Structure formats: structure tokens, C-alpha cells
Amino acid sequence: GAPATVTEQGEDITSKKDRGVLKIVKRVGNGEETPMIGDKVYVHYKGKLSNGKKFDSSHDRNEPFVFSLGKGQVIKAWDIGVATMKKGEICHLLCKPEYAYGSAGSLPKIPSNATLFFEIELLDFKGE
């Protein structure tokens, strides 16, 4: 399925080239511009665990998730991955635990040492 495909066919987008964050662009976005550090970004997403279960979805809340890019407000994989996206892009990200919740996990939903899969749509980005 999609998680296997990004695992086996995704691009390593880490600066370290440690394969900790892998990406596939699923829908191509607009032009060439990507957000910059500190921008307010608006995304829709769903997340799955490696046991196949959906653990979160903004779509199911009928509201996007909004954060300031590159500030550590989200897991490392998201700061890295969303920074690569164009407006309107949809991507798949595979996030090893070192770029997510590590050995701690995040109770109740995310176990220790969890590799996470996301589908992310970048709706908009703006400077404040």
C-alpha cells in the first residue's frame, strides 16, 4: 500500500541523508515557491501507524491544522517535509522515530519507536 511504496520508493529529504524522512509527491502543486521559516502554514493531513491504523485526521475535524513553519511546533519530519512543499501539493511522508516521537512515543496513541506515515496537503502559506 502507500506506506510500503513511500518506504521503498521515496526520496530521502533529510540534510543528513540518513533516510529518516522519505517523501513522494502525489499531487503536484503550484509553481516553484515553498514556504519560508516562520510562515503560517495551513495543511490537511491524515496519519497512520505501522500497524495499519489511522491515528489522526484533520479532514475528519473539518478544519485544517495551522502552525508556524520551522519553529519546532511539530515533529521534526513535518518541519522538514512541509518546507519542501508547494502550495496545493499533496505528498506522502514516511517518518522514522528519530524525526517523530522517538523512544518516548506520545500516549495514548503513538507507541515507542514508531515509524509514522502521513498524507499531507499544503493548502496555503503566508508570512505574518
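Note that residue numbering follows the sequence shown and begins at 1.
Check your understanding: 61-69 versus 48-56: which one carries the higher mean Cα B factor per the record?
Key -> Higher mean C-alpha B-factor in the PDB entry: 48-56.
Check your understanding: Out of 79-87 and 29-37, which stretch has the higher average CA B-factor listed in the record?
Key -> Averaged over C-alpha atoms, the B-factors run higher in 29-37.
Exercise for review: Among the candidates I110, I24, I120, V21, give the one with the maximum CA B-factor reported in the record.
Suggested key: Of the candidates given, the C-alpha B-factor peaks at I110.
Practice item. Name the third of the chain's ranked CA B-factors that contains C95, choosing lowest, middle or highest. Key: Tercile = middle for this residue's CA B-factor.
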